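A.B. asks: Everything below, folded, please.
(chains A, B, C, D, E, F and G, ligands or ions: 9)
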Amino acid sequence: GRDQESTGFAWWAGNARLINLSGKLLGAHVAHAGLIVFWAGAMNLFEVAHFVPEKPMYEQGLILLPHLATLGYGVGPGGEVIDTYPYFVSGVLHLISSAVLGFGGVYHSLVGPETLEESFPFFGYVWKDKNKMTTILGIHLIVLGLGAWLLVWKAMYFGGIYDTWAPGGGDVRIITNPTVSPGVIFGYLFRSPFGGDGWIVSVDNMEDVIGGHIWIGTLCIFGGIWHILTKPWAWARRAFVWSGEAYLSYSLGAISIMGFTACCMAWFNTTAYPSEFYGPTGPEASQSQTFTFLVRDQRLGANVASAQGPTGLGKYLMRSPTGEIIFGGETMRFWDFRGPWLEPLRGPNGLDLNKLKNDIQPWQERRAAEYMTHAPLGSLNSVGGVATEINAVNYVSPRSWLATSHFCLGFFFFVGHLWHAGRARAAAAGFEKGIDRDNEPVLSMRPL
Amino acid sequence: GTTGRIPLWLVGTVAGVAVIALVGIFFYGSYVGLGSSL
Amino acid sequence: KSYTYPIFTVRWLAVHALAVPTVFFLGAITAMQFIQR
Amino acid sequence: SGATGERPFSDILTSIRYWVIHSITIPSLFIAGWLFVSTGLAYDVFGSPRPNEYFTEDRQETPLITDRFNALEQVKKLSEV
Amino acid sequence: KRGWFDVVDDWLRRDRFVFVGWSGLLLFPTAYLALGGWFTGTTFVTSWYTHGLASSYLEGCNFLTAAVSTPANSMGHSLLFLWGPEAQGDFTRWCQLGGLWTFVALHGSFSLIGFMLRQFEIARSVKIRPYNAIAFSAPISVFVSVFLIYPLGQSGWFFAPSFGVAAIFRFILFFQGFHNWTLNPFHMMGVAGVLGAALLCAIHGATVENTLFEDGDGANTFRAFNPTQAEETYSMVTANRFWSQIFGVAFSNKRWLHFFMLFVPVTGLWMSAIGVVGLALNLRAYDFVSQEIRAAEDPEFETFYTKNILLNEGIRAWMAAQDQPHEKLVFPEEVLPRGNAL
Amino acid sequence: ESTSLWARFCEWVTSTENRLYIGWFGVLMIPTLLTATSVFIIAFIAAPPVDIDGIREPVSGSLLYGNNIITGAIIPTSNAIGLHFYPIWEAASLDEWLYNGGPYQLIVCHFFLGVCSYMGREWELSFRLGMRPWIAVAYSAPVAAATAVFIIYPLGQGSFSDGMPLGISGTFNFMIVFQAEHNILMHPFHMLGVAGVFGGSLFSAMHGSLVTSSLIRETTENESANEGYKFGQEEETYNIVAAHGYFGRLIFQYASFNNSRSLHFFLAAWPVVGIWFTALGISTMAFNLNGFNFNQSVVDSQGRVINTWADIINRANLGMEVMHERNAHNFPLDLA
Amino acid sequence: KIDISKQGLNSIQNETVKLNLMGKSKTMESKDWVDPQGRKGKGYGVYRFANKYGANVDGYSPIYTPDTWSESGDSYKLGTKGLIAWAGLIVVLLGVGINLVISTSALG
Ligand code: CLA
Ligand code: CLA
Ligand SMILES: CCCCCCCCCCCCCCCC(=O)OC[C@H](COP(=O)(O)OC[C@@H](O)CO)OC(=O)CCCCCCCCCCCCCCC
Ligand SMILES: CC1=C(/C=C/C(C)=C/C=C/C(C)=C/C=C/C=C(C)/C=C/C=C(C)/C=C/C2=C(C)CCCC2(C)C)C(C)(C)CCC1
Ligand SMILES: CC1=C(/C=C/C(C)=C\C=C\C(C)=C\C=C/C=C(C)\C=C\C=C(C)\C=C\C2=C(C)CCCC2(C)C)C(C)(C)CCC1
Ligand code: OEX
Ligand SMILES: [Cl-]
Ligand SMILES: [Cl-]
Ligand SMILES: [Fe+2]
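C.D. replies: Residues are numbered from 1 along each chain as shown, chains lettered A, B, ... in the order given. Ligands and ions are numbered 1, 2, ... in the order given. Below is the structure:
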């Protein structure tokens, strides 16, 4: 490789020596891609091996199998795992594919061309070439659009996607009428992120989920063709820093947002993250507790509608500040929660009192009872329950792992934007190494 | 006698592995035997 | 040109005053990991 | 800068003699630590209860030292097996 | 022909790898025993007969829960020597009596004196000013007040902080429940000192790194420096103008900035030490009587202070039975303050 | 030279001749921080009691309502609101907005935008002055901590009522309840946070004392040593080699930074990295990934549980748990 | 000033390591040198005030100076005789150590 003597970058900034070595930089990105596919394959096989059918997915610390289950692999009605062979071939296919991906990373890094600009003009690039940069942006934009179309093809032609809201119980369902209306799509995008609205985390149909991925697939393809046939305009040329480190900082800021959104998706959403596989959400578990005690106290004999708590508010049932009848207690904050087991008891005005005291099905009680005990509360060493609990249950919700981890990744990659974007501007301006001793800018300014 | 020196990076590597092994045993012992709640 | 250093010095005592007991204690703590209630 | 007259650590940690000597000394100290615990000597020297010695038939609750000038006698009775 | 003092002084103050000095005669013996006492206590010594707890690796604790626990409250403020009337020469019984705590506390307190004398000793030899020793008075004030003065004002060593991670956490939560130590204006000044010093450390380190002069052609700016360089490595003028336009006020004197970096942390720990001295006598800033009178008379007046007062009552009642086994507090559950449900 | 209004406006905004730099992040920072400052001062002095728990039990937090400076606070939004957006225009009356804890959301929302813009404004001035752009990165650590206790923790818990109250005694209530529900002391990230501030306090004292100890004699004893430094000096005001010699003998030669640039990076990295992790710790505990739970970890041969110091902590945690929000829980589990 | 020849780095086998430990770079001294990020140098080396002071912090106080190492450390004096005895002693102590661990445990 290189050294600090000829590059000025120490070993701990060693990968910064690849900024203008496009050929070696290619192998670096292909090799990390092989690692990602390797982890997906290795972790998939690890979870399949450690999978016992006597427990649900969320009780076994599995985070990849739920993603396969939501795609509708090896799951029967009600979120029951019937066969884990589809999970096996997913792990094997990734594991083997990482080998060839790893070979290309090692080849393009150690013994391939150092710079592609001479031998391979198609793949060669210089960061300053805005036209060439947009073509690469355009090309990889099309493959992302095609990847989105794979999801809708899976949901419409190849088996289908697991729908937790399906009539007759949650099951794998073919999506035949995706929601592609502009008002629905724009409604999710420009919705508030606050309570009740929840931005895009509040998508509650598989019709809307795969309806959106139709828009994303189409926009990315048209955007790919657009960014291939056009070079950036003057307004863009005078707004962005056109350097390799600058382009990296743009992506770091972008996937920081995506990391935070995935954190909130795993924590609140119950459609793309069915509770059958990822376990109950925070709001779901709190809502399940009052539902469980409402059911068991009715059998002991009590009018849940007329029951008062110590504070005077309804012990079991109260009204939200908008008027809907909701569960009482502290779970009054989670009144905007919607779940497959709870919607049948909910009418236009909120929870229906008649259905709550006459038509509570056993499966609804069992779901709420299970969700309450598997509430997303646990310790670092995976001790289930509140901090003031004994070492009895070994459980932490997959939602807790997914939300907690991808927030830390989201925040650190925001510091990546702050770091790599600050340095990109300074290096381009030309003072990333320090202030010129003979030409200090402040020395030429009027005193304050 | 025998001329030679152990490379420093090899010393760091073997010592680094031994430390990692020692920490792993401590974390292993956290889940078994005494102090494991079992 | 040629350097000859003493083997046992104040530094030697300091390094062994802390290293010897540590390795012993590390051995003792490792043995504790395999004790069953 | 300079040096204080001691041999450079890098020189000693790269020399063959050091590893020949410490390939026995360090392992032996570890084994001695292991035997100090496995032989039960750690319990006896420092008086920590064995996993089956916390409670007795006489005392099924936690000990309590309720005397200062007879604490030596009292702790012997609490520690009696 | 030199006398004993001169020949010994020559050897003690020899410029070796680890400087010994005259203060090393007090530091290294006591510091080694304090370190050894803690490692030995956390590995083999139990607190079963002093606190009714396990506090060693041999008993099954980990680094977080192992500790060198204090003697039982019946011992009072006994110095608890190996040869004292308690555990009269019996080493194993001495460990079971918590005598290792006073061993670590005492040999540890003389190590702090030895280390501070070491700072004076080296500074005089190197011919510099003694402001590092003065800065070290603040940690000594914290150790002296927390580990010595506070238990001396209480019933005994039992209520001193035990040398451990979780043991310190129990000591911390004890101070909230029983002393309302957060409300004390002296912990408040201590917090401002520690948080302010952490702010100064970060803000000064970043300011220097981002006002560095270009003294090289490499992106690695660490190499473009020489400890013997006469020119400054960073632009104070740029730094001063940056913080004047960002924060409104900035340092213009390099000497003042570094003294402030020393005054904030030291003053904070010293102020915090005064508060713990007050808690030694239970002379605590527990409550505001005016609000307590108002709250008692008006059952609808609630503030976050009154909410904290109820939290302290929960801490005291649910913790006293096990944290203070000498009191033999058998509280039936009906008498423990408990809110609705939970 | 510039004749266009926007060309002249953009020159004034980015002008480095202003007493306080405005910049483009300042057109966002100034209005948001002034809005939050105005309502905070007004609410801290004259706001009516706020029903924080949603149980129709208002909590007084204003000076004119019987609080002092220590006990005064801006009470968080009502638990009935939850995470729902509650601007003043979504309330029927300004009395209702005050009763439900409206001012808290107005402050927190505008304040979060202010610190994010303050962070960008720090980058912008560095770019305008031609200095290296990473003071804003060091400022991301306190921003993350402020964002964690005002936004992310309410987000995960499901209500703005679980945010940190804007007051002194309100802060203590936040910490005590946080320990009872998450065992933050046993979390490795508050442990890293404590090492960040204890270490940062140590390093600030050491660096300050070492530089002060090495001041080159340039004054008399009837004058402040500070007078020996002239603002704009091209030469060094203290002897770095002398300070390194002292600290080298204090522990050992290679435990000291001979390099001022490495030393100052360490002075910046240690507290910033520590505060990054403790900010993450609160963020992770927002989604109920609590600290270490070693309760009943040690059991004897026959199964009897031997208590440790962790169990004594649990006893204190138990007391806070059963007393916080006394009238708010109707069911045994504190899932919310 | 500082003399780099008397700093103990003269016997480094690798030239790049020797230059890095010396805080020197002949490549970066040229005014046509270009950074990996594309920035051209200003004619300074790793340190501009070098020559004035003699070296940078890297050459001022190295932490790896093989010139000051003892020549006796380059070889084991006992030679093959010691190594064979060392190899035999290792096996004997390994067997005793394993047996003592097995004997003093509840295993089997
Ligand atoms: C995803 C992680 C990753 C990847 C993909 C790379 C990739 C690369 N690095 Mg880098 N680096 C990394 C992490 C990574 N690095 C980290 C964490 C650090 C900090 C320690 C560094 C520090 C660093 C420095 C200082 C330098 C590089 C350099 C390089 C480039 C050339 C390396 C070389 O040729 O030397 C040769 C390496 C070897 C001969 C040993 C590796 C042999 C193989 C690759 C090991 C993998 C075996 C694998 C299991 C085989 C399976 C493949 C297939 C058969 C299935 C290369 C593209 C160099 C460079 O910039 O080029 C100018 C260089 O200067 N890196
Ligand atoms: C300079 C090192 C040093 C220092 C300052 C201390 C200090 C201390 N040790 Mg420690 N100790 C040390 C080294 C040191 N030790 C060493 C090397 C060991 C062996 C490993 C020990 C082992 C040890 C144990 C086992 C114990 C202590 C204990 C103590 C504490 C009380 C004991 C005491 O001083 O009573 C006696 C006071 C004096 C001796 C005053 C001395 C004044 C001079 C010497 C008088 C000259 C005598 C001379 C014959 C003149 C006769 C006068 C005539 C009137 C009789 C005390 C704070 C006890 C403790 O920890 O408390 C819990 C304890 O149990 N030490
Ligand atoms: C654009 C948005 C502006 C953001 C707001 C910034 C606030 C500015 C606050 C600075 C006022 C403090 C004056 C220090 C006194 C002063 O002006 O001295 C000025 C001093 C300059 O010292 P010199 O370097 O000139 O010293 C030369 C010698 O003569 C020293 O004596 O600046 C500093 O010391 C830096 C410390 C600033 C940090 C101040 C500490 C934080 C303020 C605490 C506020 C308390 C809270 C009140 C709430 C009710
Ligand atoms: C460049 C470079 C780098 C990196 C590299 C990389 C990152 C690579 C990767 C690589 C890779 C990424 C590789 C991979 C591989 C894979 C493979 C080779 C596979 C295998 C498989 C098998 C063999 C089989 C398996 C199986 C099945 C089939 C079923 C089940 C069962 C089992 C599991 C057995 C580094 C850092 C060093 C630095 C220097 C430079
Ligand atoms: C799939 C799906 C969906 C969705 C879809 C879509 C359609 C999305 C889109 C989205 C879009 C379509 C967009 C977004 C975003 C964008 C952004 C977020 C950004 C912006 C940025 C920036 C960066 C700006 C900048 C600026 C400019 C102007 C230039 C320079 C200067 C500045 C920098 C200032 C839904 C929901 C149905 C659900 C289901 C699934
Ligand atoms: O709101 Mn404020 O503090 Ca969070 O845990 Mn559940 O909810 Mn209520 O209780 Mn505990
Ligand atoms: Cl409370
Ligand atoms: Cl409740
Ligand atoms: Fe400084």
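A.B. asks: pretty sure residue D:56 is touching residue D:80, no?
C.D. replies: Yes. Counting by CB atoms under 8 Å, residue D:80 is a contact partner of residue D:56 at 7.2 Å. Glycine gets a C-beta too; all of them are placed from N, C-alpha and C.
A.B. asks: dump the residue contacts of residue E:115.
C.D. replies: E:23, E:27, E:31, E:136 (CB atoms under 8 Å, 6 or more residues apart in numbering or on different chains).
A.B. asks: and of these, the nearest to ligand 3?
C.D. replies: Taking CB to the nearest ligand atom as the measure, ligand 3 lies nearest residue E:136 of the contacts of residue E:115, at 24.2 Å.
A.B. asks: what's near enough to touch that closest one?
C.D. replies: Residues in contact with residue E:136 (CB under 8 Å, 6+ apart) are E:115, E:116, E:119.
A.B. asks: Identify each buried residue in the helix ranked longest in chain D, please.
C.D. replies: For chain D, the helix that runs over the most residues, judged by DSSP state H, is helix D:16-38. For helix D:16-38, a neighbour-count test (16 or more other CB atoms under 10 Å in any protein chain shown) marks D:16-20, D:26-27, D:29-31, D:33-38 as buried.
A.B. asks: Alpha carbons only: can I get the helix or strand following that helix in CSV?
C.D. replies: As assigned by DSSP states H and E, the chain's next helix or strand after helix D:16-38 is helix D:41-46. Written as CSV, here are the backbone C-alpha positions of helix D:41-46 (Å, rounded to 0.1, in the frame of the first residue of the first chain):
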residue,chain,number,x,y,z
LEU,D,41,-7.0,-22.2,50.5
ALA,D,42,-8.6,-19.0,49.4
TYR,D,43,-11.7,-19.7,51.6
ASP,D,44,-9.5,-20.7,54.6
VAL,D,45,-7.1,-17.8,54.5
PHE,D,46,-9.7,-15.0,54.1
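A.B. asks: Now do the contacts for residue A:217.
C.D. replies: Going by CB under 8 Å, 6+ apart, the list of residues near residue A:217 reads A:145, A:146, A:148, A:149, A:152.
A.B. asks: Number of residues surrounding residue A:97?
C.D. replies: 16 (other CB atoms under 10 Å in any protein chain shown).
A.B. asks: again, but for residue F:270
C.D. replies: The burial count for residue F:270: 21, using other CB under 10 Å.
A.B. asks: Next, please give the residue ranges for the helices of chain C.
C.D. replies: C:10-32.
A.B. asks: Up against ligand 2, what does chain D have?
C.D. replies: Within reach of ligand 2 by CB under 6 Å from any ligand atom, chain D has no residues at all.
A.B. asks: thinking again about what came up before, so among the contacts of residue A:217, which ones count as buried?
C.D. replies: A:145, A:148, A:149, A:152.
A.B. asks: how close does the residue of chain B found nearest chain C sit to residue C:34?
C.D. replies: The minimum distance from chain B to chain C, using CB to the nearest CB, falls at residue B:29 (2.9 Å). Using CB to CB, to the nearest Å, one obtains 7 Å as the distance from residue B:29 to residue C:34.
A.B. asks: quick one: contacts for residue E:326?
C.D. replies: Counted by CB under 8 Å, 6+ apart, residue E:326 has contacts D:64, D:66, E:72, E:73, E:74, E:158.
A.B. asks: Now with 6 Å, please.
C.D. replies: residue E:73 (CB atoms under 6 Å, 6 or more residues apart in numbering or on different chains).
A.B. asks: Residues of chain D that sit close to chain F?
C.D. replies: D:51, D:52, D:54 (CB under 6 Å from any CB of the partner chain).
A.B. asks: and if we set it to 8 Å?
C.D. replies: D:1, D:4, D:51, D:52, D:54, D:55, D:62 (CB under 8 Å from any CB of the partner chain).
A.B. asks: residue boundaries of the strands in chain F?
C.D. replies: Using DSSP state E, the strands found in chain F span residues F:73-74, F:166-167, F:289-290.
A.B. asks: Quick one: closest of those strands to residue E:100.
C.D. replies: strand F:289-290 (32.5 Å; CB to CB).
A.B. asks: In contact with the residue most central in space within chain D, which residues?
C.D. replies: What sits nearest the mean C-alpha location of chain D, by CA atoms, centre = their mean, is residue D:42, with 5.9 Å. Contact analysis of residue D:42 by CB under 8 Å, 6+ apart lists C:28, D:36, D:48, E:44, E:58.
A.B. asks: which among these gets closest to residue F:280?
C.D. replies: So of these, ranked by how close each gets to residue F:280 (CB to CB), first place is residue E:58, at 34.4 Å.
A.B. asks: what sits against the closest one?
C.D. replies: Contacts of residue E:58 by CB under 8 Å, 6+ apart are C:32, D:37, D:42, D:43, D:46, D:48, E:43, E:44, E:46.
A.B. asks: Please report phi then psi for it.
C.D. replies: The phi and psi torsions at residue E:58 (degrees, to the nearest 10) take the values phi -60, psi -30.
A.B. asks: Could you check how far stretch E:279-286 is from the centre of its chain?
C.D. replies: With CA atoms, centre = their mean, to the nearest Å as the basis, stretch E:279-286 stands 19 Å off its chain's centre.
A.B. asks: How about the one residue in chain D that gets nearest to chain C: what's its closest non-neighbour residue?
C.D. replies: Residue nearest to chain C within chain D: residue D:33 (2.5 Å; CB to the nearest CB). With sequence-adjacent residues excluded and distances taken as CB to CB, 6 or more residues apart in numbering or on different chains, residue D:33 is closest to residue C:27, at 2.5 Å.
A.B. asks: I figured the one you found hits residue D:28, correct?
C.D. replies: No. With contact defined as CB under 8 Å, residue C:27 does not count as touching residue D:28 (9.4 Å).
A.B. asks: quick revisit: contacting residues around the residue nearest to residue D:33?
C.D. replies: Residue C:27 touches D:29, D:30, D:31, D:32, D:33, D:34, D:36, counting by CB under 8 Å, 6+ apart.
A.B. asks: From residue G:92, how far out is the third one?
C.D. replies: Using CB to CB, residue D:31 is found at 13 Å from residue G:92.
A.B. asks: likewise the second one?
C.D. replies: Between residue D:30 and residue G:92 the distance is 17 Å, computed by CB to CB.
A.B. asks: Count residues in the vicinity of residue E:18, would you?
C.D. replies: 18.
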